[PDB]
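No lab work stands behind these numbers, since they all come straight from the coordinates. Cβ sites come from the backbone with ideal geometry, for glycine too, and all protein chains shown count toward neighbours.
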Amino acid sequence: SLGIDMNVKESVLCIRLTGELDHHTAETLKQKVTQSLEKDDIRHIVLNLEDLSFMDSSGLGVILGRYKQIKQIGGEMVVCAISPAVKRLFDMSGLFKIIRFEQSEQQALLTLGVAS
């Protein structure tokens, strides 16, 4: 199974995903794209998965494809909830810089490092 959560902060909508990260769970975010494609003003992203299990390269693109999509709105792309056996996905891709990840600690910078 997979969960889903959404929060707003100054303009950053935190998305708490709990479950699996696959083309199945990655889909949920897929729809969150169209919505974010044009929400209204210029909000911010704030991903954070506490229930990281499978997480394959299924949503890897769904997240990468958003990075350039989220910035297309006029904001920034943030993502946390990494791991010593999960960051290897982006560590091998070498595009981690395009995903700019952290480690919980980013909980603050997650807000987009621009908002209080």
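In this structure, is residue 112 buried (at least 16 other Cβ atoms within 10 Å of the Cβ) and more than 18 Å from residue 46 (Cβ to Cβ)?
Values: buried (at least 16 other Cβ atoms within 10 Å of the Cβ): yes; more than 18 Å from residue 46 (Cβ to Cβ): no.
Here the answer is no, as residue 112 does not meet what is asked.
Which numbered condition trips up residue 103, out of (1) under 15 Å from residue 49 (Cα atoms); (2) assigned to a helix (DSSP H, G or I)?
(2)
So which of 46, 114 is outside any helix (DSSP H, G or I), of a type in the set (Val, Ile, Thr), out of contact with any strand residue (DSSP E or B) (no Cβ under 6 Å at 6 or more places or on another chain) and in contact (Cβ under 8 Å) with a residue 60 or more places away in the chain?
Checking each option against the conditions leaves just 114.
Quick check on my filter: what residues within region 70-100 are surrounded by fewer than 16 Cβ atoms within 10 Å (Cβ to Cβ) and not in a loop (DSSP other than H, G, I, E, B)?
Selection gives 88, 91, 92, 93, 96, 97, 98.
Only one of these conditions is not met by residue 54: (1) within 26 Å of residue 115 (Cβ to Cβ); (2) part of a loop (DSSP other than H, G, I, E, B); (3) aromatic (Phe, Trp, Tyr). Which number is it?
It fails just one condition, (1).
Are any of the residues in region 25-39 assigned to a loop (DSSP other than H, G, I, E, B), touching a residue at least 12 places away in the same chain (Cβ under 8 Å), surrounded by 16 or more Cβ atoms within 10 Å (Cβ to Cβ) and at negative phi? Lay out the reasoning, then the answer.
So the first thing to find is which residues in region 25-39 are assigned to a loop (DSSP other than H, G, I, E, B), and the list is 38-39.
Restricting the remaining residues to those that are touching a residue at least 12 places away in the same chain (Cβ under 8 Å) gives 38-39.
If we keep only those that are surrounded by 16 or more Cβ atoms within 10 Å (Cβ to Cβ) as well, we get none.
Among the residues of region 25-39, not one is assigned to a loop (DSSP other than H, G, I, E, B), touching a residue at least 12 places away in the same chain (Cβ under 8 Å), surrounded by 16 or more Cβ atoms within 10 Å (Cβ to Cβ) and at negative phi, which makes the answer no.
Just to be sure before I move on: is residue 9 closer than 16 Å to residue 111 by Cβ and of a type outside the set (A, V, I, L, M, F, W, C) in the structure I sent?
Yes: the conditions hold for residue 9.
Can you work out which of the residues in region 1-16 that are touching an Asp or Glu at 6+ places or on another chain (Cβ under 8 Å) and touching a residue at least 60 places away in the same chain (Cβ under 8 Å) is surrounded by the fewest Cβ atoms within 10 Å (Cβ to Cβ)?
Applying the filter and picking the extreme gives 11.
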